[PDB]
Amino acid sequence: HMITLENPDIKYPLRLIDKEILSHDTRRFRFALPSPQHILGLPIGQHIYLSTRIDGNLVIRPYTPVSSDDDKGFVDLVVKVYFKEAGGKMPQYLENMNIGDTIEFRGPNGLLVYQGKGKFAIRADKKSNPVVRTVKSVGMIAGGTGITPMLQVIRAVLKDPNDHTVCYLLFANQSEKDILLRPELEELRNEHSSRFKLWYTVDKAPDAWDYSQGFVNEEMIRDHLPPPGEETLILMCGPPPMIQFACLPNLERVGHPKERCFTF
């Protein structure tokens, strides 16, 4: 394997090769890897950082590519750009990049690594040896672009026909139009209904809505995520308030132990 991210401390300027508008505020930003034969080299569960100086300050933000190490030659980021009404500087930077412009990628980073077959290696910190535990059910609470760390895991699980792990995604977004990667998710769900449960909640639901509405709550966690247990791991990725006010307290009320919860 020609690995792009050979050194986690290296900032690899990768050229933007295409920008694709996916929705009113999200897009696919594809960057060329060092050669068409390269793969990113991003363990499942980890992310990369984009960094560049914006208005004189180094801006470094995490992104979990929606591409995988099966993809050669490019890395695909699904990025939400924040159109007004904290800064969204990096997405805006990406938004303003012209094709061929470079931005620095670094990685892999992340305290959690899905080793496959339900095995998650989670490090207390960068310097700690991961605690490896095998679970059978991975609950995933994603808010908006927090879907990418989840999708990376889901896809890893699902592409392994021998991975019996069942992923339960509770995907929260502002509105139906904001359900990022819905087609991707639903196809995964349609094709792997046994190992992938999918549920949505939107802050504002359309008049006709078959899913949940509102911030994630206990009921959604209790009913759309696996129950607390030694074989359950809950993963979370979403806005800080989502984590702090919609996830943590309800996971607690549902009974999910902090140690069987991981937040990207």
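All residue numbers refer to positions in the sequence shown, first residue = 1.
Could you check the entry and say whether 54-62 or 33-41 has the higher mean CA B-factor? Mean C-alpha B-factor is greater for 54-62.
Look over 24-32 and 202-210 in the entry and identify the one with the greater average Cα temperature factor. Stretch with the greater average CA B-factor: 202-210.
Out of 181, 131, 172, 151, which shows the largest CA B-factor listed in the entry? Answer for 181, 131, 172, 151: 131, with the highest C-alpha B-factor.
Based on the PDB record, which member of 139, 91, 146, 87 exhibits the highest Cα temperature factor? Largest recorded C-alpha B-factor: 87.
Once the chain's modelled residues are ordered by C-alpha B factor and cut into thirds, is residue 263 in the lowest, middle or highest one? Within its chain, residue 263 is a lowest-third residue by C-alpha B-factor, going by the deposited values.
Can you tell me which third, lowest, middle or highest, the CA B-factor of residue 189 falls into for its chain? According to the entry, residue 189 has a C-alpha B-factor in the chain's highest third.
Of the three thirds of its chain by CA temperature factor, lowest, middle or highest, which one includes residue 155? CA B-factor rank for residue 155: lowest third.
Relative to the other modelled residues of the same chain, rank the CA B-factor of residue 219 and answer lowest, middle or highest third. Residue 219: CA B-factor falls in the lowest third of its chain.
Would you mind ranking residue 80 by its C-alpha B-factor against the rest of the chain and naming the third, lowest, middle or highest? Bottom third by C-alpha B-factor.
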